[PDB]
Amino acid sequence: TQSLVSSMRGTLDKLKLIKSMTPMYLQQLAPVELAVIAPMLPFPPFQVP
Amino acid sequence: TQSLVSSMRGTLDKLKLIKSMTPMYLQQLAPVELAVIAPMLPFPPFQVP
Amino acid sequence: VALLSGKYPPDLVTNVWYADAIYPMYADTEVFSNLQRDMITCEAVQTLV
Amino acid sequence: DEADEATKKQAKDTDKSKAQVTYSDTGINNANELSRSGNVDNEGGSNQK
Amino acid sequence: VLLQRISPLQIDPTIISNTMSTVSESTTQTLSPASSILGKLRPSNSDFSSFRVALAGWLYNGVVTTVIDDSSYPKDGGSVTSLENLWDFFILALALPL
Amino acid sequence: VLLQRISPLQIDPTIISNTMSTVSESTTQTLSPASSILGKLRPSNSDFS
Amino acid sequence: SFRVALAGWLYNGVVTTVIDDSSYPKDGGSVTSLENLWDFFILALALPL
Amino acid sequence: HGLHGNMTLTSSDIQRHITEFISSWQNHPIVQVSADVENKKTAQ
Amino acid sequence: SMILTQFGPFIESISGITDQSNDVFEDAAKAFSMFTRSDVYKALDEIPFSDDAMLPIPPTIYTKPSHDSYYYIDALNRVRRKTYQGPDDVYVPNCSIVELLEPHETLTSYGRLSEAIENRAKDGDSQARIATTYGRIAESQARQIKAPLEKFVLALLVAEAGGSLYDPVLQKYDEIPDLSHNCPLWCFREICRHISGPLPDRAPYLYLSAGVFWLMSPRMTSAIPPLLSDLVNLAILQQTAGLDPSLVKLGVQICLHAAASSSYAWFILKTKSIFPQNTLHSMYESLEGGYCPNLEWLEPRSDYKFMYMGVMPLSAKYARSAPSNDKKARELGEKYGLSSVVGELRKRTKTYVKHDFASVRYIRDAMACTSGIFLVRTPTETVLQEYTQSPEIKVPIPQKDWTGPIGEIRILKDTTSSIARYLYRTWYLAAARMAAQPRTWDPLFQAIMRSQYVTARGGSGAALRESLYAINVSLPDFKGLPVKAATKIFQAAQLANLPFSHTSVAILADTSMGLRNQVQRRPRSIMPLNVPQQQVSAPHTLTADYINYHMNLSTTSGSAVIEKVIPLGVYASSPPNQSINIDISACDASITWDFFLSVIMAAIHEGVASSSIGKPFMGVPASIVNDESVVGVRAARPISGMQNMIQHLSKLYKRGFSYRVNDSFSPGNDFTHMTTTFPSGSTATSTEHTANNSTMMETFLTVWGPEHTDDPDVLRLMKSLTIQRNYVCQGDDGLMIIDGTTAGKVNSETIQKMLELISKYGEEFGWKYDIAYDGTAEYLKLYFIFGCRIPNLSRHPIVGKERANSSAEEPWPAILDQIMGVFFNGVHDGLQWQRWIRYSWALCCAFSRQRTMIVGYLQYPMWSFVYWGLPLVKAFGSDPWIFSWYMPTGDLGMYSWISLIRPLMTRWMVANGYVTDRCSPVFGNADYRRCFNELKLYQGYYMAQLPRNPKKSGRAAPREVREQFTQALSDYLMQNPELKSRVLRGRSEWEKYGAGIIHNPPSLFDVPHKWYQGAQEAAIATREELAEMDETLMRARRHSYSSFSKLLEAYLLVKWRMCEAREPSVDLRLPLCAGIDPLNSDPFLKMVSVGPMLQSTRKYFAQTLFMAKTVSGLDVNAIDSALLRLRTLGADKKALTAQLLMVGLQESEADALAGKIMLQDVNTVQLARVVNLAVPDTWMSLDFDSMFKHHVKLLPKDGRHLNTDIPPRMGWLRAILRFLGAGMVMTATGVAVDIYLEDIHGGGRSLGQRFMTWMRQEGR
C-alpha cells in the first residue's frame, strides 16, 4: 500500500540522517587510544597484514 | 503521507492569513508612544546607529 | 546499536580530557617486570640446550 | 624528612593549618638531593656497627 | 509598565485556537500539525511583558543589547524531518528581527 | 574494559527512539516499520560488549 | 609570600624561590575556559617577582 | 500446539516454556565462552 | 493431634492436596474463633522439640527489683528518670508490678493497676504519681502490637502442620526444617510455663481492647511482652524464609541478654549494630570470583539515566580495601558481654571468598536476625532530652561583618573572611531567579500554595484561640457543627475573613506536641504549626525548592520502597566505583539563627526585591519599614508581600520557639519549654536541609579543602569531585560517589584523609558529620553491596504496630487492611513464596470472622481476599501452584485468573451438574450464575467493594450553621476577583456546551464541601454507625446477584493466545536482589524474564498528566480522566475549555490546551485511567514498559482476523487490550511469554459501545 511505502521511505531517510558520532570517533580518536594503550599490555600485539 | 502534506499546507496558509494587528501597530503607533514617553524618563535615551 | 547511538559529552576538550584520563595509567611497572622475566626465559632455554 | 619539618614549623609560625610557603612537594624534581646523616662514617663506609 | 498602561493594543485570547480549529485533517494519522503548533505556542497573557521590554530596549542599545535566550534553540540543533523542529524554526524566525 | 573506561564516547540508545517517534504513518495499517525496527534493535541478553 | 620573596631576593645563592605547581591551570588548561584565563593572568603578573 | 481457543494453563506448558528460555539463554555467543575463575594458562 | 482433628480439610486445601472451597474456609473460621489461648498453650505442649532447640536461660529474668529507685521528682515538681547506666538511660526499666496489680472480677488470675494508686496520684502523693507513671508507661510498652500473639502462633501451627511442599518448577520437595528445630517457640513455651507455674491460666497477659491485664505471678517482669514479640517474630521469619537456625539462636541469645539487662530498649539501642558491623561492613576480604553488573550513567546526570552494559567478572584486585572494624567490634562485644557472639559472627563471615547467591543470602539472613520493636519512652524525657542541645560553632563570624539593621535583619559584608559568603551568594541568586518568574505571580499558583498547608490534621489551634482572645478579637464558634475543632480546616473557617494586621500577632503563638515511635530508633517528635505560621513560611520554602530543583542532584521519596532509586545504589556499589555515606547528626538542632537563619533570611529578603516591588502575596499586603544599614542616615524603605512576610518570620527565627507539653502518662508533668530547635512539622524543613547540605558540600569541595590540605593525591581527588556529578543528598543523608581511575580503584588512605578533612571542615560551623567508608552503600534506608541490594527484614516487624497515646483501637474490619499490608510487605522483601502464601491464607482465615449482638456472626468469604489480591493455590480441580502473586488486584486479577482457567471451569461445572441450555460465549452451557451464587463468589466479590470503617457522614447539623461553615470556607478559598471571574466563566461555558455528558465535573467551588466532609469524617464513630455498617455487610451477604460489573463483563469477551517464551533480559548468574536467589524459583524466573526497572518511577510518571499540580481537595487523575472521557464521548472543544476554566486556568492557555488535547496522542498508562485502570504496585520494580510496547501483540500471529479489528475512532481500546494481556501474562507463573490477541466475541465496535455506555453511566 502507498502509506506503507511512504512510511518506509521516511524511516530510511531518518536512519540515514541520524546523528551519531561513532563513525567520526572511530576515524579520529580510537586509533590514538589504541596506540596509547598498546605499549602497556602484558601480551604485545601480534598482527598479520 | 498525502494527508499530512495537505494538513501542513492548510496550516501554513492559515498562519499566513491570520488577522493580527500587531505588525500594523508596530509601524503606525508604537513610535509615537515612545516619542511621547521619552522626554520624561529618569534615564535619557542613549543610542548608537 | 553502538554504531547508531554514539554521543559525546556536551562540552568536550580532548587534550584536557586525555591528560586527565591517561595519567593514572602510566604509574605502573609491570612492563619493566616482564622484560626481566623474558631475559630469564631466554637464559633458561639456552642453558637447557 | 627535613623538608617536612620546615613546612610544619612554617605553618605553626603563621598560626595556620598549613603555610602558604612550603619547602616540600614543590614542582621541582630534587630526586638527587642529599643531606648529612649518621649512617655513613668519615672513611666512606657504613655505620651498621 | 508605562507602555502597558498607555497602550491600546491588547492580547486576543482565542484567535490562534479559533483559526486552527478549522484545518482539515484525518483522524488516522499519528501526527497533527495543529496540535503540535498549539503545544509549542502555549499562549499566555503575561507574554506581552517580554514584548514590551523588547520594545523598551530600543532606546538603550548603547549599553544594553537584547538577545534571544539560548534555551529557545533546539537542544541538539534539530532536524528538518521533525515537525516540532520546524515549528521551533518558525518561532525563532518570527522572533529574531525584533 | 580499559577502552570503555578511558574513552569519552557513550552509548545512548534513546536517540533512535527519539528519532523514530516523529515518523508519519497511518494507524489503520498492518505493518509499522518504526515499531519493527525499534523492537529488533534491542540486543539479546543486553550485552553491549 | 610577598615578604618572603622580598627577603629571598638577598639569598639567591643558597635559596631559589619558585611558584608552586598547584598555581598552574589544571591539566594544562585551555583558552576556552574563563577560569583558565584568570589563572594565566594571575600567574603572569606573579611570575616576575 | 496451543493455538485453539481452549487454553488451559498447566505444568507441562510451564516446563516447555522453561526449556525454551533455557535453550535461548545458553545459545548466546558470549555465554558460550566465559568463566568466573581463571585457569593457569590465562593467569600466566 | 488437636490441630489435625480440628483443621482436617483446610490444611490439605492450603497445602495443595485438595481444592479450595468456601465451606472449608467457613468451618476453619469456626475452629479459629472457637479455640482459646489455653488450648493454644496445651497445643504448644504437644510438639516434641529436639536438643538443637535447647538453649540455657538466665535465671535472673524472673527476679527484678522494684521501680521505686528509678524515678524522682525534680524542682519543678515533675517525674523524671534516674540515669545510672549513662546519660541516655531514660527508658522503661525492668522491674516487678505484681505489688501494684489489683485483682479483677471474673478474671481471678489477671488484674489491672490499683485504682487507689491514681486516687492518691490526683491527690498529690509523689509515690502514687511515680507508681502510676510507671504503670502507664509499662502499659504503653506492652500495647505496641497489632493483635494478640495467640492468633499468630495458632496460625503458624496450622500453616506448618501441612509439612513440606512440592515445587512445580524444581520438581522436588522443599527441605526446610520442621517445627521440632524452632528454638524461639521452645523458649516461648518454657518462659510462659515458668511464669504460669501451678497457676492454671497460662498467658502472661491479656491484650484487652484499650488496656492490658497482667497475671499476678511473682516472676512477672515488664520485659516479657517485648521478649515474646521478638520470639514470635523470629519464629515466623525462620519458618517462612528458611532462616539459618544457628543465626536464629544467636539472635535469641541477644534477646535474652537484653531481657536480663536493666533496660530492654536501652540495651537494644546500645547493641543494635552487631550484625551490620560483623557481616556487612566486613566482607570479601579474600575475593576470588563472581559476577557484578556493569552500568553507565548517561547525561543529563541530573535526569538519572542508567543504561545497563552487562556483567563484569570479579578478581582479587577488587577485594576489600576499606579500613578494618575488628578492634571496635571487639571492645563493643566485650563491653556488652557478647564476645562469643561477635567471634562466631566474624569466623563465619570469613568463610566466603566468592560473591554469589550463597553469600548474599547469608548476609540477608544475618540482617534479619536484629530485633525490631517500637521503642517507648515518656514524652517528658523525650522533650527534655531532644530539645536541650545546641550547635557548637568553633569558628564564628566576626561581629565586625554585619551592617546596621534593615527592618530587624542585617546585611553581611562582602569582605568577610568567613565561608558564609558562598552560602549568601547562592541563596541571593536563587531568590532573584525565583522572583523573576511569571508563574510565581499566577494567582492560581498563589491559591495552590495557600491551600497546600490546609490539612485535616491538628495544628495547635488552642494557643491561637487564647492569643486571639487576649487581643480580644472574636472568632465564630460554629456551635452545632458535628466536626472536631482541632483541625486546620476548622482554623481556616474561624479566620476566613480577618485582616492581616489583626492576625499578625498570631505568628508568635505557642506550639503543641506530636510523637511517633519508630523501630530501632528513638521516638520522633513533630511540632505542629497553625495557619499563620504555615503561611508566613512560603518564600523560604519556594526558594529552597528552586535550589533543590535547579542546582543539585536532589531526590524526593516516600516510605514506599518502590519510590526509591535502585539504579543509583547499584551503580555506586558496583566496583570499581566506591561510595561514602554522610549523615548530619541533629540537623534540626544544628540549624539555628546564629549562622544559618541569619544568613539565609538576609539573603532571601534582599534577593526577593525588584520583581515584587509594592505588591502583595499570599494575601499578605505590602508595607513600609525602617532602614539604617547605610551609615549616618536612617530612612524608610518599602517592602513587598514576601519581604513583609520574611520580616515577620525573622523575629520568630531570632527569638526561638515555645513548646507546650501535656504528658498523659505522668500526672502533673505539664509545662512549657523554650527551645531553639528548628521545627519539624513545617512545610520546608527537609527542603532547606537539602539546600544547605548541597551548598556546604560544594563550598568544602571548591574552597575549604584545597586551602586546608596539601597532599597532591588529595588535591587531585577533590578537583575531580563535583557536587553536580558525584553527590546525592536529601534532608540529612547523602552519598559521595567516587569513580574508578584507569589503574583500578582509588587509593584508600587518600580517601580516608579526605574523610577526616570533611569532619574537620564540619566542626567549624558545628555540623556533626557521620561518615561511613566500609565498602557498601547506604541511602534512604536501602543497602547495596557489589551491585546487589539486601532487603532488611528486621525493619518491618510482622506483629509491630505504632501506638503513641491512650486512644483505642478501630473496629474489626480495619485489621484486614493491615493483614493485606503485611502480605504485600512480605512480597516486597521476597520470602519463600509457597510458605508465605500458605501462612497468609491461614492468617486471613483466622481473622476473617467476627461477632455482633444485633448474636449474629459476620463472615468474609474466601473470594474477598482473592479480589483484594491474595492468589489462589488450587481450584476447580486445576493443577496446584499455578498462580503468581504478581496478580493484579480487583477486576484485572479476576479476569486474569478466570481467563487462564476458563475452559476447565466449564467442564468442572458441567460435571458437578450446573448444566443449562444457552450458549453463553464465555462459559457455554453452564449455569454459572447459580453456581457462583451458592459458591458465594458473587457475594464475596460484591462485599469486597465496601468500606472497612464506619462512615462518620450523615451527621445532623442545622442548615444555618452548615451554610455559614461552607461560605466561610468558600470566602477563604476565593481571595481573588480574577479567580472568581474565571470560575464563573467556566461554569457558564459548561452549562452552555457540556451538560449531561458527565454527571459530576471537578470544580473549584466544590473544595469547601470536600473539606467539610473530611473534617466530619476525621471524627470518631459510635455504636449506631457501627450498627449501619454491620447491617450493610449483612445485606450485601444475604442479597443475590446475577453478574459482575459491566467492566468485568466487557473484559471477559477477549481471548488471547500464549505461544512463545520471551528472551532473557539479564544474565542468570548475576545476584542483584538478595533473597530472590534460584531457590526462590518463581520470582527469579519473572525477574530474569522481564528485567528490573532502571529508571526512577517519579520522573517516569511525571509525563503522564496534563496538569502537574492542583489545590488540595481536587485530584489530577480525576481531572484528566474527566477530560479524556469528554474527548472519548465526543464533546466539543468548548466543554474542555469550560472544564479548564472551572479548575482555575486562564482562558488563553485553557483553549490552547483543549485544542492540543483534542488530537494529541497520549500513552497507554494515561489512556487507561478512563476505565480506572492502574499499574499494580507489585510491578513497580520491573520493566513493564518493554512488555507494554514490544511484547503484547494486538495482531493475531497467523494474520488478520475479522473480529480482531479496532475501529479508527476507538483507538483508545489498544491501551486496555495491552493492560489485559500484561495482566494475564504476569498472573501466569514461570517465565514471561509473548502474547498475541486471538479473538473478540462481538468485535471492537460492540466493546467500545459498552465502554462508552459505562463512562456515560458513572457520575450518578
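From first to last, the protein sequence lines are chains A, B, C, D, E, F, G, H and I.
If you're matching positions, the first sequence starts at 786 in the authors' numbering and goes up one per residue.
If you're matching positions, the second sequence starts at 786 in the authors' numbering and goes up one per residue.
If you're matching positions, the third sequence starts at 884 in the authors' numbering and goes up one per residue.
If you're matching positions, the fourth sequence starts at 100 in the authors' numbering and goes up one per residue.
If you're matching positions, the fifth sequence starts at 541 in the authors' numbering and goes up one per residue.
If you're matching positions, the sixth sequence starts at 541 in the authors' numbering and goes up one per residue.
If you're matching positions, the seventh sequence starts at 590 in the authors' numbering and goes up one per residue.
If you're matching positions, the eighth sequence starts at 203 in the authors' numbering and goes up one per residue.
Under the authors' numbering, residues 3 to 856, 860 to 1265 are what the ninth sequence spells out, in order.
Where is the CB? At the ideal position from N, CA and C, for every residue including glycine.
- Within a 10 Å sphere around the beta-carbon of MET922/C sit fewer than 16 other beta-carbons, which makes this residue exposed.
- In the DSSP annotation of this structure, the continuous segment of the alpha helix (DSSP H) that includes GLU700/I starts and ends at 687 to 701.
- Of the residues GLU192/I, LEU159/I and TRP595/I, the one whose Cα lies closest to the Cα of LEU57/I is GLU192/I.
- Interface annotation, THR567/F: in contact with chain E, CB-CB separation under 8 Å.
- The Cβ-Cβ distance between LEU555/I and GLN726/I falls below 8 Å.
- For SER145/D, the secondary structure class from DSSP, reduced to helix, strand or coil, is strand.
- Along the stretch 878 to 966 of chain I, the alpha helix (DSSP H) occurs as fully enclosed runs of 4 or more residues at 896 to 905, 907 to 917, 933 to 940 and 942 to 949, listed in sequence order.
- Taking 8 Å as the cut-off, the Cβ atoms of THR1183/I and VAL829/I count as close.
- Contact between the stretch 260 to 276 of chain I and the stretch 605 to 622 of chain E is not established, with fewer than three Cβ pairs separated by less than 8 Å.
- Contact between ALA487/I and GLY463/I is confirmed by a C-beta separation of about 7 Å, below the 8 Å threshold.
- With a beta-carbon spacing of about 5 Å, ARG851/I and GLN864/I fall inside the 8 Å limit used to define contacts.
- In this structure, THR418/I sits away from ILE395/I, with a CB-CB distance that is not shorter than 8 Å.
- Residue environment analysis places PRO714/I among the exposed positions, since fewer than 16 neighbouring C-beta atoms fall within 10 angstroms of its C-beta.
- Annotation: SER586/E to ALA465/I spans about 42 Å, alpha carbon to alpha carbon.
- Per DSSP, reduced to three states, the secondary structure at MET822/I is helical.
- The distance from the Cβ of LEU531/I to that of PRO681/I is about 6 Å, consistent with a contact at the 8 Å cut-off.
- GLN496/I is the residue among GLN496/I, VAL601/I and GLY137/I whose C-alpha sits nearest the C-alpha of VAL475/I.
- Beyond the five residues adjoining it in sequence on each side, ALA1127/I comes within less than 8 Å, by CB distance, of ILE1003, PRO1006, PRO1007 and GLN1144 in the same chain, given in chain order.
- Between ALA885/C and chain I, the shortest Cβ-Cβ separation is not below 8 Å.
- Under a 10 Å Cβ-count criterion, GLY861/I is classified as exposed, with fewer than 16 other Cβ atoms of the shown protein chains found around its own Cβ.
- Runs of the beta strand (DSSP E) lying entirely within the stretch 223 to 288 of chain I and spanning at least 3 residues: none are present.
- Taking 8 Å as the threshold, the shortest C-beta distance from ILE546/F to chain I falls below it.
- Neighbours of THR554/F across chain A, judged by C-beta separation under 8 Å, do not exist; the nearest C-beta is about 12 Å away.
- The criterion of a C-beta distance shorter than 8 Å is not satisfied by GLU1068/I and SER576/F.
- Look at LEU543/E: its C-beta is not under 8 Å from any C-beta on chain F.
- Exclusion of the five residues before and after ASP76/I leaves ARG82 as the residues of its chain whose Cβ lies within less than 7 Å of its Cβ.
- Among the CB atoms of chain D, none fall inside 8 Å of the CB of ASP616/G.
- The Cβ atoms of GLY789/I and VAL572/I sit closer than 8 Å to each other.
- Under the Cβ criterion of 8 Å, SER586/F is not counted among the residues facing chain H.
- The alpha carbon of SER1186/I has as its nearest neighbour, out of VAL1093/I, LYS1194/I, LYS330/I and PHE667/I, the alpha carbon of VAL1093/I.
- The beta carbon of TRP890/I is closer than 6 Å to those of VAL829 and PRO876 in its chain, skipping five residues each way along the sequence.
- A straight-line Cα-Cα distance of about 56 Å links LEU1099/I and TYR112/I.
- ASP479/I counts as exposed, since fewer than 16 other C-beta atoms from the protein chains shown sit within 10 angstroms of its C-beta.
- Cβ-Cβ separation between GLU818/A and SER589/F: approximately 17 Å, too far for a contact (criterion under 8 Å).
- The beta carbon of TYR64/I is closer than 6 Å to those of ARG221 in its chain, skipping five residues each way along the sequence.
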